[PDB]
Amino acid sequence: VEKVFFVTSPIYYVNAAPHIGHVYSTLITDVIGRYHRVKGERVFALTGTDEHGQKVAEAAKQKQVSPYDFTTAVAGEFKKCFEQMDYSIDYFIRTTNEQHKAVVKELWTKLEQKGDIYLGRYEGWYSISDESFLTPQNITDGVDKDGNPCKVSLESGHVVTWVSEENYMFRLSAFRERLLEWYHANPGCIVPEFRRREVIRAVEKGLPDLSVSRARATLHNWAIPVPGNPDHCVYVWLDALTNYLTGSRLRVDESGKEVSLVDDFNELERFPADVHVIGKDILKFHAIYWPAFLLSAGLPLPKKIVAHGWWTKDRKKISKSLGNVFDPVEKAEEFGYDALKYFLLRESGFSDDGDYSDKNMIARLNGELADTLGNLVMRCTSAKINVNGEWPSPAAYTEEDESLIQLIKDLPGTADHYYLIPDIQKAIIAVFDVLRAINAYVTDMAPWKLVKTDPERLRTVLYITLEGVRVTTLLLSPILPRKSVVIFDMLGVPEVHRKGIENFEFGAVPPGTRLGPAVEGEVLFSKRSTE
């Protein structure tokens, strides 16, 4: 059943400037999208900003500007950040968009027509900073900005307050048994596994009904009115989660601006999302609430949710206020955009809370990118080794030759599964295992010596090296988008052979293909001094 592969990032609160967390989540989304495009699949990758609610409204009050002016400004900082990061996201959604608003009301009415929204009360704790309803078991003692005793979230450490409001309630309690059926019937639908187990454990215990509206004064009237009740606004989260549905229904022009909202999702063949990339902090919203609303509406459920961890720099939390910053653009200007991406995608898996340091960033840049991949690309394109500047015709293969070829033949299927879990770290590791293999082969065969000694043997060793580098580079292309293009140019791989499942096969580029021209003293990844 073929559709548009639909991958999303979270839409981010616009309370503050964009930082590593957001960049990371969108990078993960971008990579997944990029890979499926490399397979030759239709892709639609979505990211954006969550612009309503109390949090944002009150962040705009601190900075003493209107919410419309505040939100638009910070939204532009996000857009700029993502443009500077050189992503390939298809559309940037904002929850202030008028067409999104329409979809939110449409879904609301569905939930209501279905009998799953009633007038009740919520009386309990709330984290404004997480826009999250909490039970007493999930709060604890803490201190506020003033140094006074207050309550805080066990989840996030932010201040919680007690809310007692007549609210429209969604019947989440009625969806326990169907959510359980769902998790069980689709045991890869939440990644990694231990987070899937977390979600089941939680739903097993039982579900309370969820408040899906608030009194309008409380939100400083910065929200979407509940249909047929102007005294209420729609919960920022029901609003925010609906971005995914909205995005699936927006026809987008070449410039990347929304031009049309279709009545039915089947029209654009995107919904439901094949992968929702999220951080662990927002798992309940995506794994419990979201499916429940979809089941109520009679919409289809997403195929996979992947939830990753939080970053630290130098084993300490990132914060400008604490005296430890991590500026992606800054570190990307210092070491290179692809390199930085590689590091963030390699240093940590989705199970882990990764850690950045200049030390380890250099270790990987020098070690993996320069010595393993860079050195290899330069060797097989060297005028010293590749005397004719072309892909030679291989002679007969030795068993050692074939051992390496097998590794290259098998790499795509292995990488493919990893990109599909998704588990990008393990995909990258897969590829680099093969690059290390090729280097060992090259060191063994000493092709520099073969140029004088055995030219026929050189043709074979050199051909395998080039094809090894080609395949690995193709599979790395979603990770190193700019650098893969430089690599392919050096190898002289024709454009047509740079994507398509076809070109995962060993031997796609024919012998007699000419290398691209050599630039005066160029280097693919320059080694950086050890500090």
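Under this definition, the rigid core comprises the largest set of C-alpha atoms superposing within 1.5 Å between the forms. Note that residue numbering follows the sequence shown and begins at 1.
Rigid core superposition in 9 other deposited structures of this protein puts the Cα atoms of one stretch, out of 353 to 361 and 201 to 209, farther from the shown form on average, and that stretch is 353 to 361. Comparing 223 to 231 with 303 to 311 in 9 other deposited structures of this protein, after superposition on the rigid core, the stretch with the greater RMS C-alpha deviation is 303 to 311.
Gaps at residue 85 occur in none of the other compared entries of the protein that contain both adjacent residues, all of which model it rather than a third dropping it. Residue 439, present in the displayed chain, carries coordinates in each of the other PDB entries compared that cover both sides of it, far from a third leaving it out. Comparing the deposited coordinates for 55 to 63 and 33 to 41, the stretch with the larger average C-alpha B-factor is 55 to 63. When the two stretches 326 to 334 and 217 to 225 are set side by side, the higher mean Cα temperature factor goes to 326 to 334.
Each of 156, 88, 406, 242 has a CA temperature factor in the record; the biggest one is found at 156.
When the C-alpha B factors of 435, 421, 252, 169 are read from the deposited coordinates, the top value falls at 252.
Remark: residue 394 belongs to the middle third of its chain, ranked by C-alpha B-factor as recorded. Among all modelled residues in this chain, the alpha-carbon of residue 97 has a temperature factor (C-alpha) in the middle third. Annotation for residue 194: C-alpha temperature factor in the middle third relative to the rest of the modelled chain, per the entry. Looking at the C-alpha B-factors along this chain, the one for residue 14 belongs to the middle third. Residue 308: CA B factor lies in the middle third for its chain, per the PDB record.
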